[PDB]
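Descriptive analysis of the structure
Here is what each chain is made of, one letter per residue.
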Amino acid sequence: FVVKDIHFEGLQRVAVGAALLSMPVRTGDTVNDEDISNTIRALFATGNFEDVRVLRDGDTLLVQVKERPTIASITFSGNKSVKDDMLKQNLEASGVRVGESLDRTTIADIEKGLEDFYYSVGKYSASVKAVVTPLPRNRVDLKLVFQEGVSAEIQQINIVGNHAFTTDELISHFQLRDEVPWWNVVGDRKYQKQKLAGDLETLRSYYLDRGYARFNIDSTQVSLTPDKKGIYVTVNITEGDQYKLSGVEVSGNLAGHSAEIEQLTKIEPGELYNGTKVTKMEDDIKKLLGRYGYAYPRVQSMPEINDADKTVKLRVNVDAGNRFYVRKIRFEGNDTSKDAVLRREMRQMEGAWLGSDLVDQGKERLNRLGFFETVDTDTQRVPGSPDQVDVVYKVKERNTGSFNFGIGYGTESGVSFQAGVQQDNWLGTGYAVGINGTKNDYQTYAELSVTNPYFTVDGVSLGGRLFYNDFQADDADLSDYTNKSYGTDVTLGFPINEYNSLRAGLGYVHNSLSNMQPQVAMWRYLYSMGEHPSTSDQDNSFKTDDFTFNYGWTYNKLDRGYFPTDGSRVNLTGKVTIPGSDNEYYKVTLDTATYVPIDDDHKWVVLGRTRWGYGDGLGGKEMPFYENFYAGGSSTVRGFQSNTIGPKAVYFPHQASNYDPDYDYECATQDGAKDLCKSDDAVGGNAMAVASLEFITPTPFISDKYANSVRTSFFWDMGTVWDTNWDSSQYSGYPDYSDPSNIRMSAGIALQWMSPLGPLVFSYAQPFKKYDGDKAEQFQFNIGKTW
Amino acid sequence: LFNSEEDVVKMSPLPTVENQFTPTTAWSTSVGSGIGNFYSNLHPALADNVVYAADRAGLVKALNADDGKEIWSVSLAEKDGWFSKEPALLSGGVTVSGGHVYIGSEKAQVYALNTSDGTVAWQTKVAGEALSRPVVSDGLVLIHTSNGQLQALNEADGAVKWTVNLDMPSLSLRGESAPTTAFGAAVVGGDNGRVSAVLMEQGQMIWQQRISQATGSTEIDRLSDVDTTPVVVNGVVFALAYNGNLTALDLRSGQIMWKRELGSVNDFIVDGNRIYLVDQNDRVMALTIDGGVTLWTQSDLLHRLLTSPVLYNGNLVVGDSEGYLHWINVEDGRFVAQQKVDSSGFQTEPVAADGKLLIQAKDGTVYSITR
Amino acid sequence: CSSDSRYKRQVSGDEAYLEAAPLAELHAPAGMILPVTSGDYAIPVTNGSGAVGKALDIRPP
Amino acid sequence: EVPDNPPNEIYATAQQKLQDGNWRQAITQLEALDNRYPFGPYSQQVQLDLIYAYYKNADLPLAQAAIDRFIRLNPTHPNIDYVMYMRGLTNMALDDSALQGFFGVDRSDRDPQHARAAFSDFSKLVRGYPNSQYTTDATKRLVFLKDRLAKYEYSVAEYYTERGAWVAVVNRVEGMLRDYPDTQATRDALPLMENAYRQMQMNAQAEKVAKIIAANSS
Amino acid sequence: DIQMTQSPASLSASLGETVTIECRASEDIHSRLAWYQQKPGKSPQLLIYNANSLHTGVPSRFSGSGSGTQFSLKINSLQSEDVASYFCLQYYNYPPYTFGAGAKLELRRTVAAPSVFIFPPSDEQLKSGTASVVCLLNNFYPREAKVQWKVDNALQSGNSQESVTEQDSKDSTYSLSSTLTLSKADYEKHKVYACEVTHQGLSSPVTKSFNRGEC
Amino acid sequence: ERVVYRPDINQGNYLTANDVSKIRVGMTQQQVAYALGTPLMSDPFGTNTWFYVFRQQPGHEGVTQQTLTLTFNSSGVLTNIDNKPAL
Amino acid sequence: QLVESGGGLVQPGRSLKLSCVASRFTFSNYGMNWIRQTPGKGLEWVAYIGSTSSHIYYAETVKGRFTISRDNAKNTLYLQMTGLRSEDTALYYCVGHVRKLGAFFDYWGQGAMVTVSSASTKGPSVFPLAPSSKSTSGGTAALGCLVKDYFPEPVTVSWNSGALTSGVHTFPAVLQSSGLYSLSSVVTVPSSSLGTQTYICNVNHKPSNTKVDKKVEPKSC
């Protein structure tokens, strides 16, 4: 028997090469069945061919096989809560994928490795079925049918070694529950080893801080109950007993700071032992060392316990390193910013000695810019020597700014064509910009306001602004209530403190008016302006060109502006007419915003946001109306319309139209109006105060990925607006808008989606304290950057 | 959304009904709020018309037979204290002997109570609670612990006599190794997969024997149900693994006489050569003492919530948690009678003795039973 | 897909790096010692005269 | 998605998309190909076409992963010049990929990350293959990379100069020197070192640098 | 347009009594009136703004009452120095302005008989072309008095013109001067020139005369 | 003129002159290193010569310095000293 | 406080510029008006100008023929009267408005009377009014001076340059058919004063600049 020809069957990656490698014989060598055995074992070793038939036609070999490779495809059916990526982890963990193991015998292993996953999850009550759609020449689609009935259930956990304490009271801090409350009808009833470990360590910490050093754990035993429901636990422990702190015997390496080092360790006798306090104090010492700056100095305490009286003398040893490792830094995340834009804030610099406080404060001011997404950094030890350290501020930068457009329903023309745009670090520069306007068929408007916050090295903030509100009843320009105006406001901002800044500068403005409508406080102010036109028609005109001095103060001790969580910021702004100008007054305003986190989980948080404002004439004068405060608009207050709050318009019988479509217009003698026509439409006022109190709401059920990029709350908001220059002389016989007593109020929700297109919020609420006709909508939308 | 997407697998439901011998109850004398939806060793007892009851919570009852009249009632649940009033929450079924009554708890608080009032002989602390109800005999108090221990104490005051450590399983898994006696020696299984013969005079190991299969992450069979207690013959003992692996093995050495290790079986009781028992899917079989060879079966009731079986009036009987009650051919498996009574719940030892039949639910508690 | 005069051999973006400036290395006067050369930036000397930019090609064989 | 076919036919399909130059549907074909054929005779060519596409359609991290795959899988191969040039080219494309170049504005103010990455890549490349076609543009680019580095460091220096901090300036300077001599920026930088030294009364060093200029004032 | 109706034009009252001065508005103005007092030979002064509010440094006695249809001014325990002419003014219609007629405040004293004097024309008016014989009433109350000229027992009153002063600020009496104008020629044609005055303060018409060629 | 709010600024390379009293010529770079930390600056254009200076700038007008430099030989052993304060 | 400067006499149809100055007030922010009162008790608002030159209102009787202006720098109100008729003759007042309340006036000047007439000014003729001593001699008599055929008004008449003030009654001038003014100024003095008191009346007519001191002798007829 000598092989004359071999049919080297084997395909889809291999050829005659691998089979001939399998065979020991060429054409003209004695043939055997050791080739059969070697081929089968080698093909189970490699795992290509499920079987071999090395047969011989006389003395002519032939190879007939089946193949474990290609798995053409996979399907997953019934994987309710488990997602196919974790299934893929199980699969690659099995080394199983396309072009891999086969042999349906292995299904038990596969299902086992599936069961294992559930066996690890917390379940055991389930199974899986793999099914083969056979496909030609080797191939197979593997569909997986997941019989996932239900996981087992937590029942009751008992512990013994608890005389000083109830069990439930200490249970109360755990993730897990042997029973749900009713004031929280929802609540998990699941299992996890990790949460269990945390509860264990939590108990350990509890009995540490109540002083029990002889506390331990002996063990803990889970009930693995038939029928696949019952998980109790029984826990074995030492209660021990508390000790009492008696003394401290710290030592170590100090660099002569021993005084202040002790000043950390200053304590009262009779206070109980608590290793939490110990850890706290240790960390405080670490921080102190960071102040002078020491990278990796060692700490270690020693509780020298006296069991004769249950007390301890706490020795400590310490190992200070060295200082001024400050070689360099790095930054990562910058694809748009410029390096200087960081370093300007970095109170630390390269080539220095260290202070970690500097670095913390750098992160703080950084985030307080609110010009990024995520923040972190590492104090990367330098490998050249144990004497230098570099830093990397490997972080992320936000794409932001926003073009403004769109508004609630209204006229066919008059709900669009409105500009408004922000970059605020324009072109990745830190130059900050806001530009707006609107074209309409009854007015037009332009305004630009731009600042370089860092004209100089110091954070010198050079800001300038102009406007041209070309309002003349645009595209009519005749016999209509024109107020065309245009002016300038240009100032500076001074870094005063690490958290506090000032503002000071000037403005110079011109106004121009025509065909003014008889209204009451209008002519009040104007008779204070010393101009006494008629009170009947709208054939009237008036202009000004004035100067002013503006200024303000700002506090900001805060976390960020992306989605702030803790701290507060306030913007005070005052301004005044100057001497020599036409008009004489001041206007002063102040907007506060405070964030208080409940936990440092940074998910249940309080907001207090308010505005307080007042301005008034000088020289016994009245301010021009158009500088009045305003309110509502779902950007300061919601559940109302913008500028639709406070004292309101009041009308005379009008004696002048220069039109008559059908006299669609209100209150004229030409229409047939007398008997002074009170009205509803709003005007603004001189005095304002508003308040807002909100609970941050964690999101209902959202992916962390973008839930970190979304914010929400409920609120209760209210406020009010009024005049003092109101009277009762002829105001009588009307609703007197004098006093801050028609107080407006509502409450609702806030829904802050962060798109890449700017910040966007929809909103709902409901008015409660409504007064004389005031419009509103609860379902509202907006894009502005209000607080 | 997620409140509605529940999944489940189902048992068999009831087959045809028999009333060949019509069942009933003697009466029902049910009890205050006790167990609830839980699991336990606990079952009540009786002797000489002196009926022995108590609940999960702490309540205690001594009642009269033939009516379930409360003779007296007490409770370890202390009216004072702050321990949820010290609820019982027990790990052990009834034990009674002499003029005293012997119980153990989850709490390792272990109570000997004078009969005829239930007044305390003593309460005693121990380590770990019971998968196996408390055993007491031969002047010896005999405990299987949750800690994988023996505890051996006085049968006169509960005073300790000795204590032994035993290997623990991995996940501390629930089951039992119900200990028993032999000629003045201790004998019991173990969730490790072992069975030990030990001196019950000091807890001196005599031998151990591994029973189970060899597979990890597949741990001992959940469907290999309860009644994993030794069953002794003259020089042999018969019992399962927690796989259901049956072994007949040396009463003195643990060496195997035979085995139906390959069998997987759930609950059993032995009658001569006839071993009447439950199977994995909760079907029924009668098997031989030499090979678990099917003397008969009945697979009409499967995946069910059943306790151990018993005999009564020469017919083999057991019920379920849903108050379904089944009197069956001790011969070839067939139903002889069926009753429905309640749906409270049942997981405990049925009580067929003194010509009587007796059981208790969780809170749909005691029914004293005849036919 | 968006590519006019299809991107078979051509270059994305500008070519200023092809138009960039030359280099100047120092005579380093006598007695005043400059810092030594270090690092990987020593620029293995070219022996080039090969195509570049659009003149250079982009394709799998 | 599209049904199975002969992998030669699927290859021909890809060729059709290539003569078309439709990157998207070509990507579809390639995805279907590799996921229906994890290994093939021309699978190497498939990797090539994949990264080709990923260049065209800006699939850069996927391209990076693909390169690393091919490297681990075919660390020995004839046409690796194309491979590694493509790699460094990708890194170059990443390191400046903005619309800001519309404005004639420099990018010398961001992470010199992928610059140095590609520098390493091309150095290794030419040192492995100092003979191929793809050298010359790589060399031009290397010079450009050196320049971008230079400008960046210059800017760092100038910021700290505006602060008036001499020390990190000095050390960054020395690092630049060890990195290279050759930039107009470096000539511009020399006197800055001089000034900062002068603010420290380093009159010896002042005169040292004075001599440096005095020779290399050119 | 708007009608500032004020009645009576002239009033009189004693010292210590109160006065209610009515002022009526045509268009039922929503209380937009001002009161101004113009005393003789002085600039007009402000009395009431807002139609009910008194101006700074003015006694409380003056009060403003009434609505647009009709308003009234109340002066309580009015003193001697308040004699002036009082006007109303509306500001509701700003472009035009209407004032009151002016209410002339007089005082009430007992009847006063004038001390009558007659003055013949001087001898310098006879060298031009006209002679003027003047009858004079010095201190009388009330204003009402009939004075007629008698020449040679011939009645005539169509050539003479009278001028009456305002009530004195000391005795609140009136003075009238009745000038009789003739030509020097026609003056020297008649003998006796007499002026007969009939007044309430007089018990019977008092005639005073002069003869030519005496003084 | 008043400006306002100059920040607090430092550089490194200083602990104490008590260290200076410890030392003299003849010591090596490692002898230094065991107690002095590293030089943050040296002579790159000549011998080993190391620059140990305090520098620090407080707020409005006020400024520190205390400089020293130490010249070694070819072996890296000290030859010359020059310590001196701000100017 | 409010000083007025204006015309004496002019011819109907001619023009005339009146000026009015404010001294103790700002004169800024004040609405200013011109209001005329005709003898005969007819009150007319003739003009209003705002603090600035934005709103100017004239009466429908006056019409644009007159122009009202103000200069804050010179604190002066300018009134140009063109197209003038005999009816325009009246006492013209420079009037202010009220700040911070509006809708009514606060200040008025003394008032400057303008008299337009085609007639020319005429010097007065003074005639002694000798005292009627025939009524009584122990009583009190009265004597005076008659100013006749003088144009225009007014004439200032006093006795002994104001030294003799015995209850002087100067009746208002009445207009005779010739168009010239004529009035009599009398004074009552005791009869005993005759032969004891010198009676000289000093008459001054400013538009004609005629100052005549005419004596009435103490003779007791």
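Residue labels reflect position in each chain's written sequence, counted from 1, rather than necessarily the entry's numbering. Residues lacking coordinates are not shown. For this description, chains carry letters from A and ligands carry numbers from 1, given in the order in which they are written. Water and hydrogen atoms play no part in the side-chain values, which are based on all heavy atoms of the structure.

Method of structure determination, per the deposited record: cryo-EM was used for this entry, reaching 5.2 Å resolution.

The name given to chain F in the PDB entry is Outer membrane protein assembly factor BamE, with Escherichia coli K-12 as the source organism. Listed as the entry title in the PDB record is "lateral-open conformation of the wild-type BAM complex (BamABCDE) bound to a bactericidal Fab fragment". UniProt positions are given in the numbering used here, feature names are shortened, and annotations may be inferred rather than shown by experiment. What UniProt records for chain F under Subcellular location is the sentence "Cell outer membrane".

Under the annotation held in the PDB entry, chain A carries the name Outer membrane protein assembly factor BamA and is attributed to Escherichia coli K-12. If you open the UniProt record of chain A and go to Sequence similarities, you find "Belongs to the BamA family."

**Some remarks on the overall build of chain F**
Numbering of helices and strands runs from the N terminus; a helix is a DSSP stretch of H or I covering at least four residues, while a strand is a stretch of E covering at least two. Assigned secondary structure in chain F consists of 1 helix and 5 strands. Overall, chain F shows an N-to-C arrangement of helices and strands of β-α-β-β-β-β. Taken over C-alpha atoms, the radius of gyration is set against a globule rule of 2.2 Å times the number of residues to the power 0.38. A compact globule built from 87 residues would reach a C-alpha radius of gyration of about 12 Å, whereas chain F, at 16 Å, exceeds it by more than 25%. Taken along its principal axes, the extent of the C-alpha atoms in chain F is 50 × 30 × 20 Å. Within chain F, the proportion of its 87 residues that are buried is 40%. Throughout, a residue-residue contact means that at least one pair of heavy atoms, one from each residue, lies within 4.5 Å. For chain F, the share of sequence-separated contacts (at least 6 apart) that also reach a separation of at least 24 residues comes to 42%. Counting only carbon and sulfur atoms, one obtains 56% of the accessible surface of chain F, whose full area is about 5000 Å². When accessible area is computed with a 1.4 Å probe and restricted to protein chains, residues below 20% of their type maximum are described as buried, those above 50% as exposed, and intermediate ones as partly exposed. Residue burial considers only the protein chains on display, and all accessible areas are found by Shrake-Rupley using a 1.4 Å probe.

**Notes on the UniProt feature "domain: POTRA" in chain A**
Residues and elements named next belong to chain A. As recorded in UniProt, the feature "domain: POTRA" lies at residues 1-68, 69-149, 152-240, 243-321 and 324-398. The span residues 69-149 shows a helical share of 31% and a strand share of 28%, and its end C-alpha atoms are spaced 33 Å apart. Summarising residues 152-240: 24% helix, 27% strand, and an end-to-end C-alpha distance of 34 Å.

**Section: the sheet that holds strand β17 (residues 192-199) of chain E**
Residue and element names in this part refer to chain E. What the 4 strands build is an open sheet, ordered β14-β13-β17-β18; its pairing is antiparallel. Edge strands, defined here as strands with exactly one partner in the open sheet, are β14 (155-156) and β18 (206-211). In terms of strand pairing, strand β13 (residues 145-151) meets β17 through 7 bridges, oriented antiparallel. What sits directly across from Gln 148, in β17, is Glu 196. Think of it this way: DSSP has to see at least two bridges between two strands before they count as a pair.

**Comments concerning the pattern of salt bridges**
Each salt bridge in this description consists of a side-chain nitrogen of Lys or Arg and a carboxyl oxygen of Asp or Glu lying within 4 Å of one another. Per the counting criterion, the structure on display carries 56 salt bridges over all chains. Note that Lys266(A) is salt-bridged to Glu262(A), the shortest N-O span being 3.9 Å. Taking relative accessible area as the criterion, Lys266(A) reaches 48% and is therefore assigned partly exposed. Overall, the relative accessible area of 39% leaves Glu262(A) in the partly exposed class. Between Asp43(F) and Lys208(D) there is a salt bridge whose closest N-O contact spans 3.1 Å. Here the residue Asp43(F) occupies a position in the loop between α1 (29-36) and β2 (49-51), and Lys208(D) occupies one in helix α10 (residues 203-216), the pair thus bridging two chains.

**Remarks on the nonpolar core**
All names here are of chain G. If you look at the biggest cluster of nonpolar residues, it comprises 56 residues, and the most contacted ones within it are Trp 34, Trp 45, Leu 77, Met 81 and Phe 105. It is strand β9 (residues 90-97) that contributes the most residues to this core, 6 residues altogether. When sequence neighbours within four positions are dropped, the list of residues in contact with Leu 77 reads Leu 18, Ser 19, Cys 20, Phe 27, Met 32, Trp 34, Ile 49, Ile 68, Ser 69, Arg 70 and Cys 94. Buried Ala, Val, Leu, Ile, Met, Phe, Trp, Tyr and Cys residues form a nonpolar core when they are joined through side-chain atoms within 4.5 Å.

**Examining the pairing of strand β12 (residues 130-140) of chain E**
Residues and elements named next belong to chain E. Along β12, 9 of the 11 residues are buried, which leaves the element largely enclosed by surrounding structure. Alignment of strand β11 (residues 116-119) against β12, held across 4 bridges, turns out to be antiparallel. Its bridge partner being in β12, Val 116 is matched across the sheet by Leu 137. As judged from the 9 bridges shared by β12 and strand β16 (residues 174-183), these two strands associate in the antiparallel manner. Of the residues in β16, the one forming a bridge with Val 133 is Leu 180.

**A short note on the interface of chain D and chain C**
Taken together, the contact pairs 41 residues of chain D with 42 residues of chain C. Our count for the chain D to chain C interface comes out at 0 salt bridges. Think of a polar contact as two N or O atoms within 3.5 Å of one another; within protein, one of them needs to be a possible hydrogen donor and the other a possible acceptor, and neighboring residues in sequence only count if both atoms come from side chains. Seen at the junction of chain D and chain C, the total is 16 residue pairs in polar contact. For the side of chain D that touches chain C, the secondary structure elements donating two or more residues are α1 (7-20), α2 (23-36), α3 (43-56), α5 (80-95), α6 (113-128), α7 (135-163), α8 (167-179) and α10 of chain D. In this classification, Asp, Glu, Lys and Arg are treated as charged, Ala, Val, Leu, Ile, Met, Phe, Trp, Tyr, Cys and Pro as nonpolar, and every other residue, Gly included, as polar. Per-class residue counts for the side of chain D that touches chain C are 15 nonpolar, 11 polar and 15 charged.

**A closer look at a nonpolar patch on the surface**
Residues enter patches when they are more than 30% accessible in relative terms and free of salt bridges; like-charged ones are connected within 9 Å and nonpolar ones (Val, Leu, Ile, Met, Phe, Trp, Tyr) within 5 Å. Nonpolar side chains collect at one region of the surface, where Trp426(A), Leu427(A), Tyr431(A), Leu99(D), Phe102(D), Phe103(D) and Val105(D) lie side by side and expose about 760 Å² of accessible area between them. Topologically, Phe102(D) is positioned in the loop between α5 and α6.

**Quick word on the environment of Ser151(A)**
Residue and element names in this part refer to chain A. By the element assignment, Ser 151 lies in the loop between β7 (140-148) and β8 (153-160). The class of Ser 151 is partly exposed, set by a relative accessible area of 23%. Once the C-alpha coordinates of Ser 151 and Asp 116 are considered, the two residues, 35 residues apart in sequence, prove to be 14 Å apart. Those residues within four positions of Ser 151 in sequence are excluded, and the remaining contacts are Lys 123 and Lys 228.

**Structural notes on the packing of aromatic side chains**
Note on aromatic contacts: the rings of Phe and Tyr and the six-membered ring of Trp form a pair at centre separations within 6.5 Å, being stacked when their planes are under 30 degrees apart, edge-to-face when over 60 apart, and tilted otherwise. Overall, the coordinates contain 54 aromatic pairs over all chains when judged by the stated rule. Between the aromatic rings of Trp82(B) and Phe83(B), the centroid separation amounts to 5.2 Å while the plane-to-plane angle is 35°, which identifies the pairing as tilted. For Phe83(B), a relative accessible area of 41% puts it in the partly exposed group. Between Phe117(E) and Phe119(E) the ring centres are 6.3 Å apart and the planes differ by 20°, which places this aromatic pair in the stacked class.

**Details of a negative patch on the surface**
Residues scored as positive are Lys and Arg, those scored as negative are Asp and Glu, and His as well as the terminal groups of each chain are ignored. Each charge is placed at NZ for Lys, CZ for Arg, CG for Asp and CD for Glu. A contiguous patch of negative charge on the surface is contributed by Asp660(A), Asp662(A), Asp664(A), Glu666(A) and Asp671(A). Position of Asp671(A) relative to the elements: it lies in the loop between β27 (648-650) and β28 (678-682).

**With respect to the domain arrangement of chain A**
Residue and element names in this part refer to chain A. Residue ranges assigned to each domain were obtained from an automatic or database domain assignment. Under the domain assignment used here, chain A contains domain 1 (1-67), domain 2 (68-150), domain 3 (151-242), domain 4 (243-322), domain 5 (323-399) and domain 6 (400-786). Relative to domain 3, the C-alpha centre of domain 2 lies at a distance of 36 Å. Taken together, the contact between domain 2 and domain 3 spans 7 residues of the former and 6 residues of the latter. Using a 1.4 Å probe, buried area is obtained as the accessible area two parts lose upon being combined, added over both of them. Of the roughly 530 Å² buried at the junction of domain 2 and domain 3 (both faces included), carbon and sulfur atoms supply 48%. Our enumeration of links across domain 2 and domain 3 arrives at 0 salt bridges. Between the two partners, domain 2 and domain 3, sit 1 residue pair in polar contact.

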